[PDB]
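Novice: Provided herewith: run-v8.pdb, PDB, C-alpha atoms.
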```pdb
ATOM      1  CA  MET Y   1     128.621 -60.895 -26.343
ATOM      2  CA  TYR Y   2     130.046 -58.517 -28.948
ATOM      3  CA  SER Y   3     127.646 -55.716 -28.048
ATOM      4  CA  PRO Y   4     123.903 -56.568 -27.914
ATOM      5  CA  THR Y   5     123.412 -53.043 -26.539
ATOM      6  CA  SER Y   6     119.766 -52.516 -25.588
ATOM      7  CA  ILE Y   7     118.312 -50.096 -28.130
ATOM      8  CA  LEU Y   8     117.528 -53.081 -30.330
ATOM      9  CA  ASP Y   9     115.162 -54.048 -27.525
ATOM     10  CA  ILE Y  10     113.028 -50.981 -28.270
ATOM     11  CA  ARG Y  11     110.017 -51.353 -30.579
ATOM     12  CA  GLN Y  12     106.942 -49.150 -30.800
ATOM     13  CA  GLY Y  13     103.763 -51.094 -30.101
ATOM     14  CA  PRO Y  14     101.294 -51.711 -32.988
ATOM     15  CA  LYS Y  15      98.920 -49.152 -31.462
ATOM     16  CA  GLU Y  16     101.419 -47.199 -29.394
ATOM     17  CA  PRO Y  17     102.148 -43.461 -29.965
ATOM     18  CA  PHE Y  18     105.506 -42.667 -31.558
ATOM     19  CA  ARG Y  19     106.097 -39.952 -28.971
ATOM     20  CA  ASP Y  20     106.376 -42.773 -26.448
ATOM     21  CA  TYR Y  21     108.736 -44.710 -28.692
ATOM     22  CA  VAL Y  22     110.983 -41.691 -29.135
ATOM     23  CA  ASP Y  23     110.898 -40.908 -25.420
ATOM     24  CA  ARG Y  24     111.776 -44.523 -24.662
ATOM     25  CA  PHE Y  25     114.340 -44.749 -27.457
ATOM     26  CA  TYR Y  26     115.962 -41.596 -26.182
ATOM     27  CA  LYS Y  27     115.631 -42.927 -22.647
ATOM     28  CA  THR Y  28     117.538 -46.050 -23.674
ATOM     29  CA  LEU Y  29     120.064 -44.186 -25.775
ATOM     30  CA  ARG Y  30     120.828 -41.974 -22.789
ATOM     31  CA  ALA Y  31     121.751 -45.239 -21.099
ATOM     32  CA  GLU Y  32     123.620 -46.559 -24.155
ATOM     33  CA  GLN Y  33     127.413 -46.374 -24.196
ATOM     34  CA  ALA Y  34     128.128 -45.290 -27.771
ATOM     35  CA  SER Y  35     129.641 -42.441 -29.786
ATOM     36  CA  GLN Y  36     127.410 -39.523 -30.664
ATOM     37  CA  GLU Y  37     128.102 -40.326 -34.305
ATOM     38  CA  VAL Y  38     126.100 -43.507 -33.735
ATOM     39  CA  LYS Y  39     123.192 -41.503 -32.334
ATOM     40  CA  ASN Y  40     122.956 -39.440 -35.511
ATOM     41  CA  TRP Y  41     122.949 -42.601 -37.623
ATOM     42  CA  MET Y  42     121.157 -44.988 -35.271
ATOM     43  CA  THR Y  43     118.590 -42.426 -34.123
ATOM     44  CA  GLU Y  44     117.995 -41.901 -37.849
ATOM     45  CA  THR Y  45     117.997 -45.534 -38.989
ATOM     46  CA  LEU Y  46     116.873 -47.873 -36.238
ATOM     47  CA  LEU Y  47     114.597 -45.145 -34.940
ATOM     48  CA  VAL Y  48     112.118 -45.636 -37.781
ATOM     49  CA  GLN Y  49     112.984 -49.297 -38.263
ATOM     50  CA  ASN Y  50     111.855 -50.700 -34.910
ATOM     51  CA  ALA Y  51     108.899 -48.334 -35.165
ATOM     52  CA  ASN Y  52     105.380 -49.711 -35.390
ATOM     53  CA  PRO Y  53     104.181 -50.802 -38.915
ATOM     54  CA  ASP Y  54     102.041 -47.626 -38.737
ATOM     55  CA  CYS Y  55     104.482 -44.851 -37.846
ATOM     56  CA  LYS Y  56     106.967 -46.024 -40.448
ATOM     57  CA  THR Y  57     104.507 -45.398 -43.274
ATOM     58  CA  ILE Y  58     103.325 -41.963 -42.177
ATOM     59  CA  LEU Y  59     106.711 -40.801 -40.929
ATOM     60  CA  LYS Y  60     108.114 -41.683 -44.337
ATOM     61  CA  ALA Y  61     105.592 -39.532 -46.176
ATOM     62  CA  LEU Y  62     106.883 -36.642 -44.073
ATOM     63  CA  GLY Y  63     110.295 -36.805 -45.718
ATOM     64  CA  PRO Y  64     113.863 -37.874 -44.741
ATOM     65  CA  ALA Y  65     114.311 -34.314 -43.419
ATOM     66  CA  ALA Y  66     111.512 -34.353 -40.843
ATOM     67  CA  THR Y  67     112.791 -33.609 -37.327
ATOM     68  CA  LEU Y  68     111.969 -35.390 -34.071
ATOM     69  CA  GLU Y  69     109.511 -32.626 -33.222
ATOM     70  CA  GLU Y  70     107.952 -33.210 -36.636
ATOM     71  CA  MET Y  71     107.948 -36.986 -36.209
ATOM     72  CA  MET Y  72     106.419 -37.031 -32.717
ATOM     73  CA  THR Y  73     103.962 -34.230 -33.356
ATOM     74  CA  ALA Y  74     102.967 -35.397 -36.817
ATOM     75  CA  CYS Y  75     102.519 -38.897 -35.393
ATOM     76  CA  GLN Y  76      99.844 -37.511 -33.067
ATOM     77  CA  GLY Y  77      96.637 -39.548 -33.258
ATOM     78  CA  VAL Y  78      98.460 -42.425 -34.951
ATOM     79  CA  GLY Y  79      98.345 -44.605 -31.826
ATOM     80  CA  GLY Y  80      96.053 -44.889 -28.822
ATOM     81  CA  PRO Y  81      96.505 -43.105 -25.447
ATOM     82  CA  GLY Y  82      99.731 -43.835 -23.553
ATOM     83  CA  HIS Y  83      98.342 -42.794 -20.157
ATOM     84  CA  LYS Y  84      94.965 -44.014 -18.922
ATOM     85  CA  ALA Y  85      93.300 -46.352 -16.438
ATOM     86  CA  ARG Y  86      96.490 -48.078 -15.330
ATOM     87  CA  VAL Y  87      96.482 -50.449 -12.348
ATOM     88  CA  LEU Y  88      97.777 -49.277  -8.976
TER
ATOM     89  CA  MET I   1     113.345 -42.762 -46.710
ATOM     90  CA  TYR I   2     115.370 -41.716 -43.664
ATOM     91  CA  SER I   3     118.235 -44.060 -44.501
ATOM     92  CA  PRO I   4     117.432 -47.780 -44.994
ATOM     93  CA  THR I   5     121.027 -48.223 -46.202
ATOM     94  CA  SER I   6     121.543 -51.770 -47.491
ATOM     95  CA  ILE I   7     123.642 -53.578 -44.891
ATOM     96  CA  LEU I   8     120.403 -54.480 -43.141
ATOM     97  CA  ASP I   9     119.692 -56.473 -46.293
ATOM     98  CA  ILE I  10     122.594 -58.791 -45.454
ATOM     99  CA  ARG I  11     121.963 -62.021 -43.558
ATOM    100  CA  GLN I  12     124.069 -65.171 -43.462
ATOM    101  CA  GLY I  13     122.175 -68.192 -44.752
ATOM    102  CA  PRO I  14     121.145 -70.923 -42.239
ATOM    103  CA  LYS I  15     123.827 -73.188 -43.716
ATOM    104  CA  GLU I  16     126.094 -70.563 -45.239
ATOM    105  CA  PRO I  17     129.746 -70.018 -44.157
ATOM    106  CA  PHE I  18     130.406 -66.888 -42.101
ATOM    107  CA  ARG I  19     133.416 -66.089 -44.274
ATOM    108  CA  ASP I  20     130.923 -65.455 -47.063
ATOM    109  CA  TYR I  21     128.776 -63.284 -44.818
ATOM    110  CA  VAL I  22     131.758 -61.203 -43.747
ATOM    111  CA  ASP I  23     132.994 -60.900 -47.323
ATOM    112  CA  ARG I  24     129.516 -59.834 -48.409
ATOM    113  CA  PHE I  25     129.008 -57.587 -45.389
ATOM    114  CA  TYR I  26     132.328 -55.936 -46.070
ATOM    115  CA  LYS I  27     131.436 -55.824 -49.754
ATOM    116  CA  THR I  28     128.238 -53.955 -48.888
ATOM    117  CA  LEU I  29     129.881 -51.745 -46.299
ATOM    118  CA  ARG I  30     132.452 -50.729 -48.895
ATOM    119  CA  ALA I  31     129.435 -49.525 -50.850
ATOM    120  CA  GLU I  32     127.789 -47.933 -47.793
ATOM    121  CA  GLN I  33     128.033 -44.181 -47.254
ATOM    122  CA  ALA I  34     128.691 -43.930 -43.517
ATOM    123  CA  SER I  35     131.301 -42.743 -41.016
ATOM    124  CA  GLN I  36     134.060 -45.140 -40.062
ATOM    125  CA  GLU I  37     132.814 -44.862 -36.492
ATOM    126  CA  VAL I  38     129.687 -46.671 -37.674
ATOM    127  CA  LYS I  39     131.795 -49.474 -39.147
ATOM    128  CA  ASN I  40     133.437 -50.127 -35.787
ATOM    129  CA  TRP I  41     130.031 -50.278 -34.107
ATOM    130  CA  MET I  42     127.920 -51.715 -36.925
ATOM    131  CA  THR I  43     130.567 -54.211 -38.043
ATOM    132  CA  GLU I  44     130.608 -55.248 -34.376
ATOM    133  CA  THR I  45     126.868 -55.231 -33.652
ATOM    134  CA  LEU I  46     124.882 -55.967 -36.790
ATOM    135  CA  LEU I  47     127.707 -58.167 -38.021
ATOM    136  CA  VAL I  48     126.824 -60.946 -35.583
ATOM    137  CA  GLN I  49     123.142 -60.031 -35.400
ATOM    138  CA  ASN I  50     122.172 -60.701 -39.012
ATOM    139  CA  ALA I  51     124.391 -63.769 -38.813
ATOM    140  CA  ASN I  52     122.922 -67.236 -39.170
ATOM    141  CA  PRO I  53     121.387 -68.819 -35.975
ATOM    142  CA  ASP I  54     124.533 -71.005 -36.020
ATOM    143  CA  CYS I  55     127.454 -68.589 -36.293
ATOM    144  CA  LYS I  56     126.025 -66.382 -33.570
ATOM    145  CA  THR I  57     126.240 -69.156 -30.980
ATOM    146  CA  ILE I  58     129.763 -70.293 -31.805
ATOM    147  CA  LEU I  59     131.117 -66.823 -32.516
ATOM    148  CA  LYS I  60     129.860 -65.783 -29.095
ATOM    149  CA  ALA I  61     131.725 -68.567 -27.321
ATOM    150  CA  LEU I  62     134.869 -67.153 -28.921
ATOM    151  CA  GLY I  63     134.576 -63.935 -26.931
ATOM    152  CA  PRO I  64     133.730 -60.245 -27.648
ATOM    153  CA  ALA I  65     137.403 -59.844 -28.633
ATOM    154  CA  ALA I  66     137.552 -62.409 -31.440
ATOM    155  CA  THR I  67     138.896 -60.549 -34.481
ATOM    156  CA  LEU I  68     137.456 -60.960 -37.972
ATOM    157  CA  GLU I  69     140.241 -63.403 -38.806
ATOM    158  CA  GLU I  70     139.206 -65.321 -35.697
ATOM    159  CA  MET I  71     135.524 -65.159 -36.616
ATOM    160  CA  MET I  72     135.858 -66.254 -40.254
ATOM    161  CA  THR I  73     138.519 -68.854 -39.629
ATOM    162  CA  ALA I  74     136.836 -70.223 -36.537
ATOM    163  CA  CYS I  75     133.543 -70.280 -38.454
ATOM    164  CA  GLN I  76     135.176 -72.630 -40.958
ATOM    165  CA  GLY I  77     133.206 -75.894 -41.089
ATOM    166  CA  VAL I  78     130.073 -74.372 -39.553
ATOM    167  CA  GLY I  79     128.371 -73.933 -42.934
ATOM    168  CA  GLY I  80     128.469 -75.974 -46.131
ATOM    169  CA  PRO I  81     130.478 -75.275 -49.329
ATOM    170  CA  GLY I  82     130.377 -71.730 -50.730
ATOM    171  CA  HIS I  83     131.529 -72.712 -54.232
ATOM    172  CA  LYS I  84     130.372 -75.875 -55.987
ATOM    173  CA  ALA I  85     128.324 -77.174 -58.906
ATOM    174  CA  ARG I  86     126.818 -73.815 -59.818
ATOM    175  CA  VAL I  87     124.804 -73.455 -63.030
ATOM    176  CA  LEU I  88     126.446 -71.806 -66.031
TER
END
```
Would you mind writing the structure in this file as structure tokens?
Specialist:
Amino acid sequence: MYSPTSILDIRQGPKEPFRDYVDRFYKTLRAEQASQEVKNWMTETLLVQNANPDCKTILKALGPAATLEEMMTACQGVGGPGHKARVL
Amino acid sequence: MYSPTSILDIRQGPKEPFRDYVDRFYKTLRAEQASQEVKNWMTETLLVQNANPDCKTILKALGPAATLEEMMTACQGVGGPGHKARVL
């Protein structure tokens, strides 16, 4: 097991909001043992890669300079609600 | 285009020798604009990930310490010939 990490296990759902993906991706990263340098690259490469086939298209149109705030916010309405109904 | 690099475009063939994958992966990396820190992580994570469904199994049995020399050499015989016939 060279280093299967766990971030690679993150993937925005087809109809899931990016904000959730970022929150989860950051949640995982915070639990990922790696150099910050990786975060800048990984959080900039695999962040939009494992994204849903929807967020990748829109997020791209934003520009390779868009910030997380811009990505999450601009991705608003892209996916369905993340909190609703839910079973006890 | 955040940064789709090109390394992600590398993937050992189902019956291709790892030595070729490493040579190609290193060939691409040498043409990849990234921090060395990424090489240590990427060349250790995505190196075995994009590998063929064959090399990954064997290479794993070697141990997360197996050096490149150990990976390429030990992967000898796993895949078929890398140079033969070829059309002019």
Novice: Compare Y:38, Y:65, Y:88, Y:51 by their minimum atom-to-atom distance to residue 20 of chain Y, counting only C-alpha atoms, and give me the closest one.
Specialist: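 Answer, going by the shortest atom-to-atom distance: Y:51.
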Novice: Tell me, as a list in words, which residues lie within 9 Å of residue 19 of chain I, counting all atoms listed in the file; anything in the same chain fewer than 3 positions away does not count.
Specialist: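 So the residues in contact are residues 16, 22, 23, 24, 71, 72, 73, 75 and 76 of chain I.
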Novice: Limited to C-alpha atoms, could you put the picked residues into a file as a compact mmCIF listing (two decimals), in the coordinates of the input?
Specialist:
```txt
# COMPACT_ATOMS: atom_id res chain seq x y z
CA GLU I 16 126.09 -70.56 -45.24
CA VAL I 22 131.76 -61.20 -43.75
CA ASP I 23 132.99 -60.90 -47.32
CA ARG I 24 129.52 -59.83 -48.41
CA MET I 71 135.52 -65.16 -36.62
CA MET I 72 135.86 -66.25 -40.25
CA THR I 73 138.52 -68.85 -39.63
CA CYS I 75 133.54 -70.28 -38.45
CA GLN I 76 135.18 -72.63 -40.96
```
Novice: Select, from Y:59, Y:17, Y:9, Y:3, the residue with the minimum atom-to-atom distance to residue 43 of chain I, counting only C-alpha atoms.
Specialist: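 Comparing Y:59, Y:17, Y:9, Y:3 against residue 43 of chain I, the winner is Y:3.
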Novice: Using only C-alpha atoms, find each residue in chain Y having at least one atom no more than 6 Å away from chain I; report its shortest atom-to-atom pair and that distance in Å (one decimal), rows by chain then rising number, as a tab-separated table.
Specialist:
```
residue	atom	partner	partner_atom	distance
Y:1	CA	I:64	CA	5.3
Y:2	CA	I:64	CA	4.3
Y:3	CA	I:45	CA	5.7
Y:45	CA	I:3	CA	5.7
Y:60	CA	I:1	CA	5.8
Y:64	CA	I:2	CA	4.3
```
Novice: Any chance you could work out the residue set of the PyMOL selection byres ((chain I and resi 15) around 10) here, as a ChimeraX atom specification?
Specialist: /I:12-14,16-18,52-55,78-82
